[PDB]
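Below are the chains, spelled out letter by letter.
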Amino acid sequence: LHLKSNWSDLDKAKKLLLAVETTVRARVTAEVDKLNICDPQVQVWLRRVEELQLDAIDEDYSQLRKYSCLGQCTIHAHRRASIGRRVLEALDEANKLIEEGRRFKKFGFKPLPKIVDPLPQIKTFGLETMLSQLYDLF
Amino acid sequence: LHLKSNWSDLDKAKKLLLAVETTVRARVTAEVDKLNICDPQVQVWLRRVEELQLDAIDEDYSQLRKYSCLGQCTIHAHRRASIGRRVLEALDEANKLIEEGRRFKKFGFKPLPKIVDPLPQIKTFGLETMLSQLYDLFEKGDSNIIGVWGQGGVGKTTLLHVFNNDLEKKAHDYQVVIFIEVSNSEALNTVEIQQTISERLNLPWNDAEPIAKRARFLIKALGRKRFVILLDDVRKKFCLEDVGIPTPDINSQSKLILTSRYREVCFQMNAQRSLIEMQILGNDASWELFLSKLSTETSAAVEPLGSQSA
Ligand SMILES: Nc1ncnc2c1ncn2[C@@H]1O[C@H](COP(=O)(O)OP(=O)(O)OP(=O)(O)O)[C@@H](O)[C@H]1O
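Residues numbered from 1 in each chain as written, not as in the entry; some residues may be left out. Chains lettered and ligands numbered in written order. Part of a larger assembly, values for the part shown. Heavy atoms only, no water.

You'll find chain B entered in the PDB entry as NB-ARC domain-containing protein, with Triticum aestivum given as the organism.

By the naming in the PDB entry, chain A goes by NB-ARC domain-containing protein and is assigned to Triticum aestivum.

Set out below in structure tokens:
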């Protein structure tokens, strides 16, 4: 019976993937604090991690466990194939994401300097006319 | 007969796994002592080690050893398959945990700086009214710069400490609260302030970076965060952009709180309309504070009521 072992491996992979995602997010947040934009590859990896949605197969396996009351009954044995393929797909996808996740070394890059750098914006009075004149000559 | 050899290998793996877990836990404890949070991967590994529960198969094999009286009898030979699979599963799982356990090199990481940094919480008396007033201007106030003035040593620093410590009770949208002690000099020692702000924002401090470039860097850094900076006892007018603090505007949710001994310098900070005068404590508050600084051998000589003594 490989289904239970594979689902347990999926549980371990899910926990370890949560740990890896937490570490990566912490590093990316540290880079962001330094005025740096997140690395595009790391952003794609984060998107794939967020879109994994292991909760769906978790609830699906729970629903099957509701009917896992008799192994002998086969009325519900048809959906075992769906679980058997989806759990394996989630497992090897998670393994690929883990192997990629552990490998990043850079997590950000300095963005190109902005077109305009903000300056102090102290409240002004009656400067509209001369500002318009400056725009006119500019 | 591979069962006995496999169980002996499981025993060796269990002992070596206990040793590995002890070493890893020692390293994690050392990292924790350094204010560092445990590495999530190491935490998951520790959880799996704790959830291994080799004692269960140990007792199960002992129960089988009670019936291990005859190899030939099939009465208990049925459970040999269960032992044969569970022992192997425990063995190769333990081997995987060992190979992973030996490989970690980092065991912790510096956590993100807290929303509020704790400050001394010396016991206060009769500060509730002015604390409520400070909250009123901090929340309702339409001006992002709040100025407080009063006589020297009337609790301005104490009010800032208690207010900053009380901010963690209430919920707010302010990510970072910064406490700055400007009264260290009248020459505006900018390096210490920049280091404090950089430390509070998890920024990597640099030694050879010029002051003006750092000021621009912090101005950009504070430009995306709703911050609450607490200047303490400012004594001369100084440009906020010079040190790196952006002057908050109505379009931003950041609030600036400063204290001073002089009304004029507070007026110079464009905080003329978030001004509160620090009134001295009342007679009842002064009396209840006075007892807190007296020994009972003296206090029990003064505290009791009813009987009147000089
Ligand atoms: N409500 C209070 N209850 C108890 N102690 C208080 C209270 N208010 C102030 N203090 C005491 O005042 C002492 C001096 O700090 P305080 O906050 O009064 O100074 P300050 O007004 O900031 O002074 P300065 O003008 O020199 O900067 C502290 O040691 C503190 O114990």
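**Q** With reference to specific residues and values, describe the environment of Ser185(B).
**A** Residues and elements named next belong to chain B. By secondary structure assignment, the location of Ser185 is in the loop between β4 (176–181) and α7 (190–200). As for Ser185 and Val234, which are separated by 49 residues in sequence, their C-alpha atoms are 9.4 Å apart. Of note is the side chain of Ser185, whose polar atom sits 3.3 Å from the backbone nitrogen of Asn189. (Helix = DSSP H or I, 4+ residues; strand = E, 2+ residues; numbered from the N terminus. Polar contact = N/O pair within 3.5 Å; in protein donor to acceptor, adjacent residues only side chain to side chain.)

**Q** I'd like a rundown of the site of the ligand, residues and numbers included.
**A** Residues and elements named next belong to chain B. The local shell around the ligand holds 13 residues, among which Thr124, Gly155, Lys156, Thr157 and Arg261 are the closest. Taking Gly155, its main chain carries an N or O atom lying 2.7 Å from an oxygen atom of the ligand. Compared with its free state, where it exposes 630 Å², the ligand has 71% of that area covered by protein. Tallying contributions element by element places helix α6 (residues 156–166) first for the shell around the ligand, with three residues. When its residues are assigned to classes, the shell around the ligand shows three nonpolar, six polar and four charged. (Near = heavy atom within 4 Å. Areas by Shrake-Rupley, 256 points an atom, 1.4 Å probe, with all protein chains shown as cover. Nonpolar A, V, L, I, M, F, W, Y, C, P; charged D, E, K, R; others polar.)

**Q** An account of the pattern of salt bridges is requested, with residue identities and associated values reported.
**A** As enumerated under the stated definition, the model contains 19 salt bridges over all chains in all. One salt bridge connects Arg25(A) with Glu21(A), and the closest N-O pair in it is separated by 2.4 Å. One end of the pair, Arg25(A), and the other, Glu21(A), are both in helix α1 (residues 2–33), four residues apart, so they sit about a helical turn from each other. A residue is classified by how much of its surface remains accessible, and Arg25(A), at 34% relative accessible area, is partly exposed. One salt bridge in this structure joins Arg235(B) and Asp233(B), with 3.0 Å as the shortest N-O distance. Given the relative accessible area of 29%, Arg235(B) is considered partly exposed. Residue class for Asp233(B) comes out buried when judged on its relative accessible area of 10%. (Salt bridge = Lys/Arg side-chain N within 4 Å of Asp/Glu carboxyl O. Buried < 20%, exposed > 50% of the residue type's maximum accessible area, 1.4 Å probe, protein only.)

**Q** I'd like a rundown of the packing of aromatic side chains, residues and numbers included.
**A** Using the criterion set out here, one finds 10 aromatic pairs over all chains in the structure. Ring geometry for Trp45(A) versus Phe104(A): centroids 6.1 Å apart, planes at 75°, classification edge-to-face. Pair noted here: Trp45(A) is in helix α2 (residues 40–50) and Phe104(A) is in the loop between α4 (79–103) and β2 (108–109), with a separation of 59 residues, a long-range link. Across the pair, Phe104(A) and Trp45(A) agree in class, each one buried. Consider the rings of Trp45(B) and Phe104(B), whose centres lie 6.1 Å apart with planes at 75°: the pair is edge-to-face. (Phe/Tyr/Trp six-rings, centres within 6.5 Å; stacked < 30°, edge-to-face > 60°.)

**Q** Give a detailed account of the interface of chain B and chain A, specifying residues and quantitative values.
**A** Counting residues at the interface gives 19 residues for chain B, matched by 18 residues for chain A. Taking both sides of the interface into account, the surface hidden between chain B and chain A amounts to around 1600 Å²; carbon and sulfur atoms contribute 63%. By the criterion of area lost to chain A, the three top residues of chain B are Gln41(B), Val44(B) and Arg224(B), representing 26% of everything that side buries. In this assembly, chain B and chain A are joined by two salt bridges. Between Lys225(B) and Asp33(A) there is a salt bridge; the shortest N-O distance is 4.0 Å. Run the count over chain B and chain A and you get zero residue pairs in polar contact. (Contact = heavy atoms within 4.5 Å. Buried area = accessible area lost by both parts, 1.4 Å probe.)

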